[PDB]
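Student: quick check, what structure comes out for this input:
(one chain, ligands or ions: 1)
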Amino acid sequence: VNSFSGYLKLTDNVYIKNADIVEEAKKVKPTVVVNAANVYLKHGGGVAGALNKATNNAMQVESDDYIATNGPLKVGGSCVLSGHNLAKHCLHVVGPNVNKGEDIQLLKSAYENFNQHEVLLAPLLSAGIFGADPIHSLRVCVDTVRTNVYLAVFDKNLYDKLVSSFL
Ligand SMILES: CCc1cccc(CSc2ncnc3[nH]cnc23)c1
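Tutor: Numbering: from 1, shown residues only. Below is the structure:
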């Protein structure tokens, strides 16, 4: 039993809700919140900009030190950093950005990072400003993640479309 509330169950391990991931993280304080990161951990917009703003820029400060030490992530890769006031940990995961021409096949590799964590609150990878089809992202999630994932979808219209079209 966990504290996630109001989710629709899609499969044995995948759950979905129309919610602002920032507000959901502040309420649940999950062990892991997933960020829709880029390789430079520059949290300017989309989910990343919203999560970072909610930390009063502490996420960005921590991320800049991470990059200065380690260099950029790989597309499809991830790193674990602090969750600040939102969660114990933040798993920064880089899905391919279609608006940069990145290989959509890397979306499966990106979701594989979730399997290193028993329970996660997450957005749909590569959705939103990353330019991929969210219906496809949900399919890859369900077919790749085996751990317990609670997906927050900000847009109500998109949420309804994802549920109604789910096979
Ligand atoms: C600092 C708090 C805050 C600031 C700006 C916007 C938001 C909304 S969260 C959100 N944004 C984008 N895509 C998503 N997919 C699931 N959730 C989301 C919150």
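Student: what are the ranges of the helices in the chain?
Tutor: 21-28, 46-54, 58-70, 106-112, 134-144, 156-164 (DSSP state H).
Student: which one of those helices lies nearest to residue 35?
Tutor: Among these, the nearest to residue 35 by C-beta to C-beta is helix 46-54 (5.4 Å). C-betas here are computed from N, CA, C, even on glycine.
Student: hmm, residue 151 is touching residue 16, no?
Tutor: Yes: between residue 151 and residue 16 there is a contact under C-beta atoms under 8 Å: 4.5 Å.
Student: give me the more crowded residue out of those two.
Tutor: Between residue 151 and residue 16, counting by other C-beta atoms under 10 Å, residue 151 is the more crowded of the two (28 against 23).
Student: that older thread, quickly list what's touching both of residue 151 and residue 16.
Tutor: Jointly contacting residue 151 and residue 16 under the rule C-beta atoms under 8 Å, 6 or more residues apart in numbering are residue 138.
Student: which strand residues bridge the closest residue to residue 34 other than its chain neighbours?
Tutor: Spatial nearest neighbour of residue 34, excluding adjacent residues (C-beta to C-beta, 6 or more residues apart in numbering): residue 122 at 3.7 Å. Counting by DSSP bridges, residue 122 forms beta bridges with residue 151.
Student: quick one: contacts for residue 122?
Tutor: 21, 33-34, 114, 149-152.
Student: again with residue 131
Tutor: Applying C-beta under 8 Å, 6+ apart to residue 131 gives the contacts 97-99.
Student: quick check: residues of the chain near the ligand?
Tutor: 20-22, 46-47, 50, 53-54, 123, 128, 152-154 (C-beta under 6 Å from any ligand atom).
Student: and the buried ones among these, selectable in ChimeraX?
Tutor: To isolate the buried subset of those in ChimeraX, counting by 16 or more other C-beta atoms under 10 Å, use the following:
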select :21,22,46,47,50,54,123,128,152,153,154
